């Protein structure tokens, strides 16, 4: 199953190739394993166990990136200025800083305690063809955040991940990439771990 990008005029070369990757990479055992992994990760984040997440689910070499893409005309070509701003583009230390800010008793925004609920769907996985310890993972997320009696924000995203198997049986995130679908979020901020 491949996409013909000459006929399929809306499909990027990048997206066509990824679709093929996940199509041929299907493995029933891997699907179950990765679904469990992502469910555990989401549970840990929902209860705000950010230190446990960073230590046990995130690799030292992490790149944690969420972009907002400027809306450009499909038909023009010429304008070549960078089209993406990094809402997140974090290494491990940068995630550590964010985690310590979240947990600090003087983070005024986090009192009273905020409520998170994450819904992970459409999980797919493929072992990398060169580096078998690397698992490519795609999954869709709905994240519900409630605070301050009547504030409700709902986030929608596709996470494009690389995970790595660790000696001892663990699996840790080495890259997460999100092309955030709303150009101007109407969720007050995007200060959530997608």
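Numbering follows the first chain given and starts at 1.
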(message) If you average the CA temperature factors as listed in the entry, which stretch comes out higher, 108-116 or 76-84?
(response) 76-84
(message) So, looking at the entry's B-factor column for Cα atoms, which has the higher mean, 139-147 or 66-74?
(response) 66-74
(request) Pick out which of 131, 45, 157, 52 has the highest C-alpha B-factor in the PDB entry. (result) 131
(request) Can you pull the Cα B-factors for 20, 176, 183, 172 from the entry and say which is highest? (result) 20
(message) Using the temperature factors of the C-alpha atoms in this entry, rank residue 28 within its chain: lowest, middle or highest third.
(response) highest
(message) Sorting by Cα B-factor within the chain, modelled residues only, which third would residue 37 end up in: lowest, middle or highest?
(response) lowest
(request) Using the B-factor values recorded in the entry, state whether the Cα atom of residue 103 falls in the lowest, middle or highest third among the modelled residues of its chain. (result) highest
(request) Could you say whether, by C-alpha temperature factor, residue 61 belongs to the lowest, middle or highest third of its chain? (result) middle
(message) Split into thirds by Cα B-factor across the chain's modelled residues, where does residue 167 land: lowest, middle or highest?
(response) highest
